[PDB]
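Next up: just one chain, as structure tokens, the form deposited in one PDB entry.
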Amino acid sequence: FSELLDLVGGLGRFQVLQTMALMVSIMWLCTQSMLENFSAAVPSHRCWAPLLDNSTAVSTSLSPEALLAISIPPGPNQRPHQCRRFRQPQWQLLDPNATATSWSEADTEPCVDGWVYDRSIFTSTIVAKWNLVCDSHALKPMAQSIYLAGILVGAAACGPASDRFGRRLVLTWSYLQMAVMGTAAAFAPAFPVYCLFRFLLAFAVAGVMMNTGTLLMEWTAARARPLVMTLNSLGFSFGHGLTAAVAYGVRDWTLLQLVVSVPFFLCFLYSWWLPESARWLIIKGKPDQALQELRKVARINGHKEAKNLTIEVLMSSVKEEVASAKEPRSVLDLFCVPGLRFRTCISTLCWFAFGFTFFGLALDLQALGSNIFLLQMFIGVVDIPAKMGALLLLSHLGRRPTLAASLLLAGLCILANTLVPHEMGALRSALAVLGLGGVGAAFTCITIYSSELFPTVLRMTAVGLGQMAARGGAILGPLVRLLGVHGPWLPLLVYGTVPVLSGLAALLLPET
């Protein structure tokens, strides 16, 4: 096919504009995923109580700090209890001499009158709106898990739709669906509907993710394909900083979710403008339109060959592939052929390690550091140079030497969080971010690597399987964090255990 791109211009204006346009959409799409750190942030909270919150209460010289000890028992974390209150005011507890036995456990009651939340950092969050705390606390990681399962099912549905209707035609409606479903999620009346809308949003997120990359590859000459895919990957790195900026600017979740969703109505329009994938139209029985798309791109690049491209030349120049790639085949065919079976096994373990380790740690930054906005931004700041170095190593050594080394180093950095002492907070945050950056370098490496390992028709299906495995690990992520009832030691050890072994296994994969 590349002989035709050589007539159309393999790296001209059109590829520049296409890369820019898709990079922007990928940035906003990344904000859509990372938003959970800010839309669903858990403000500190306590039970409503008369002496603290009754506006009709008789005034006294007692400070709020004293009334709080009079009204809320001490929690096991040595802070005011977040799920209990005193049945009757403990005036006796005002003195410092009071024993722990002064108030009986039977004097405590749950938040009968509801919770009160800290408004200082965020004006509103879903946790504050639907009381996803105490007995309901599990619902937040359930929301994240449902979002990731939505991505998984969307990856399952994208491939067939992409091949049946075209790359750009699926991408366009994925943009529209993201816009509409995010706008609706911003206004959901109750938690079940919010989860429903987030799920239907992730369903389209998956299609955008896959189609943008596939359509970048299918229009770019091979000599610069890795560079373009690296830029498409850096879209997410910049999306991290964009998320930090918007979350700093918009402290209300109902407004933040709307703001990060509206841009996709604009992305819709430019998705309409773009051309459908020429190779797809050529192989899928529509050269008559592939010629029109080709000469559209030629006009944009300014080539004279618009006078040369003709249907007979088009049919002649792709004879080999048109004569052989006539068969659609099921997903399980990736596992039926002996060679593709092993390629898929190793690539799937690599994708699983990426998705597991990254999405386990990237969505709970409130535990990793004292400033969630800055810590969110630092993920992009560290991911940029990691992915550029990944590109350089992938070019000057190869795909195989880069993948294994990146995963091993990221695994080591992840594990180090369990060996540095708890009190050295800054170093722990630094190492966590470094591990995330190494996993990002492995993400870029494998994205390029596994797109080469599979044939023309099934490339999209192979990448979809990669997405599904990575999001299986991602779904296990929040549940691995629900395992945190035994303390943070277990989740971090779990996250660190996988990537090192996945890297050691990666070395068996053939170079491409």
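Counting begins at 1, following the sequence as shown. We call the rigid core the largest set of C-alpha positions that still match within 1.5 Å between the two forms.
Unshown form deposited in another entry; subsequent notes refer to it.
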Handout entry: Option from 124, 82, 418, 145 moving between this form and the one not shown, CA shift at or above 2 Å, rigid core reference
Key = 418
Handout entry: Is_shifted residue 243 between this form and the one not shown (CA, 2 Å cut-off, rigid core)
Key = no
Exercise for the section: Establish whether a shift of 2 Å or more occurs at the C-alpha of residue 395 between this form and the one not shown, with the two forms superposed on the rigid core. Expected result: yes
Exercise for the section: Would you say whether residue 28 is displaced between this form and the one not shown, judging by a C-alpha shift of 2 Å or more on the superposed rigid core? Expected result: no
Problem - Outcome for the Cα pair residue 15, residue 453 in that other deposited form, compared with this form (closer or farther; change of 3 Å or more) - result: farther
Fill in the blank from the handout: Shown form as baseline, in that other deposited form, CA residue 46-residue 422 shift of 3 Å or more puts them closer
